Each structure stands twice: as structure tokens, then as C-alpha cells.
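Here you get one chain, nothing else, as C-alpha cells; it is the form deposited without the named molecule.
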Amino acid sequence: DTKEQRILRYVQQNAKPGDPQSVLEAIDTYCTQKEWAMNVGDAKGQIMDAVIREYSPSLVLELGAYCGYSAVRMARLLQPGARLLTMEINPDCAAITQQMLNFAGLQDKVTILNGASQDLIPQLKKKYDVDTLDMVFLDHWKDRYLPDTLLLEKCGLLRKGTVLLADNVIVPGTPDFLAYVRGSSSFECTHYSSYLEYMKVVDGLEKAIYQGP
């Protein structure tokens, strides 16, 4: 009986059907109460929104999904003609995510693929008629952030101005990923550190904008 399952359940019992905002609130609440995650709206959500709004991407790729919070958060802001593609290796998390999008009524803005990013990324151009990406959201599996970044490049999926946003990038974590995008001339970087009301970083996010090879 997983945490992400109990989150889904809580949403299904308490959120307003087809109301993404309600859904996000229900998640944020339960996790804060449970202390699985504190004020995800202010710590992570708000930052996601600002990035979406600054860039107004037509095509967003989410790599990694836990309970579907991030997918709802992004999908709810996408305008007609804009879409989210989501990848997650863990099948339960994938499914919870789908079910979470369903409840919000956002399922038609999103395409979920349950598989390894290493195997799925190279199929995007061929299998999925993707030429390049406007935005990528890296989530969940921090160890996959750098490999993913490198593979996207390799597959020719990034273009000048493609925005990467990675969640849960807090020192000393994801050491290899941060060093790379910061040191690389192909990435223009901005780090976001959410402290909420205290002194300890609650969430760290990295925005890295591809500057071409």
C-alpha cells in the first residue's frame, strides 16, 4: 500500500472531480500533513508555473513521475495545441499518474509512457513524431538526470532555447548533473532554492536552457 497510492486515494476522496486546482490542493495537504513533503505548492509548484508561463511551450517532456502532482501542475497550464508527454519507469507510479490526471480531467493533454527513458527517448523522433522539445521536466529519479540530459542531446531532441527544469536538485545531490550543466557552455542555468519559512532548503530546482552544441 504505497505512499503514492494513498495520495491518489486521498485525492479521490477529497478533491473536486475535474478540478486540477482542487486536486493539487488535496495532494499538497495530505503530504504536508503526513510530512512526506511540505508545501509542495510553494516549494515546487509555483516555480513550475512561472517557467511554463515564461516559455509557453507547445511540447513538454516529463521524465519521471511519482504520484502525478507535477503532470497535473503542468498540464493544467497548457493551452490547446500544447501537450505533455510523460515517461516513468515504475509502472505503479505511471498508473497512479494516469489516474491522477483522469481525476483532474487532464488526461487528454497528456500521453503517459511506462518505460526506461534510455529506451524510450530514442523512440521519440521515430515512434512519436517529435522533432525537438520546447521543455523538459526532470523529476523523480535523480540518478537519471544527467544520463537523460546527455541522451536527449544525442538524439537531437534539444534545440536552442529548449528549457530543462529538474526537481529535487539540492546540494550534495545530483552532483554530476549540476556540475555538467553549469560547466557546460551549452546550458544557461538558474538555480531555485525554496526555503519556505525556515532556513533549510525544502526543494532545489535547476533551470537549464540549451544553447545549442
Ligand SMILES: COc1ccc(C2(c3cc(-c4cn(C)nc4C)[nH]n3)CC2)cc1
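The first residue of the sequence shown is number 1, and the count goes up from there. The term rigid core refers to the maximal set of C-alpha atoms that superpose within 1.5 Å between the two forms.
Higher mean CA B-factor, judged across 202-210 and 1-9 from the recorded values: 1-9. Higher mean CA B-factor, judged across 157-165 and 22-30 from the recorded values: 22-30. Highest CA B-factor among 78, 100, 116, 135, as stated in the entry: 116. When the C-alpha B-factors of 173, 45, 183, 64 are ranked from the entry, the top spot goes to 173. Among the modelled residues of its chain, residue 177 has a C-alpha B-factor that falls in the middle third, as given in the PDB entry. Residue-level temperature factors show residue 49 in the lowest third of its chain, judged at the C-alpha atom. Per the deposited record, the Cα B-factor of residue 148 falls in the middle third when ranked against the other modelled residues of its chain. Remark: residue 106 belongs to the lowest third of its chain, ranked by C-alpha B-factor as recorded. Looking at the C-alpha B-factors along this chain, the one for residue 37 belongs to the highest third.
Omitted here: the form solved in complex with the named molecule. The next part is about that form.
With the site C-alphas superposed, the named molecule from its pose in the bound PDB entry puts 3 or more atoms within 2.4 Å of the backbone and C-beta atoms of the shown form; the site is blocked. The three residues 66, 115 and 118 all sit with a heavy atom within 4.5 Å of the named molecule in the bound PDB entry. Residue contact check for residue 38: one or more of its heavy atoms lie within 4.5 Å of the named molecule in the bound PDB entry. Put simply, residue 78 is far from the named molecule in the bound PDB entry: not one heavy atom of it is within 4.5 Å. Although the partner is absent here, residue 89 sits close enough that one of its heavy atoms falls within 4.5 Å of the named molecule in the bound PDB entry. Although the partner is absent here, residue 140 sits close enough that one of its heavy atoms falls within 4.5 Å of the named molecule in the bound PDB entry. Of the residues 47, 26, 37, 157, just one CA atom moves 2 angstroms or more between the shown form and the other one under rigid-core superposition; it belongs to 37. Superposition on the rigid core between the shown form and the other one places the CA atom of residue 189 less than 2 Å from its counterpart. In comparison with the shown form, the Cα-Cα distance of residue 202 and residue 20 increases by at least 3 angstroms in the bound PDB entry. An increase of at least 3 Å in the separation of the C-alpha atoms of residue 191 and residue 200 is found in the bound PDB entry, compared with the displayed form.
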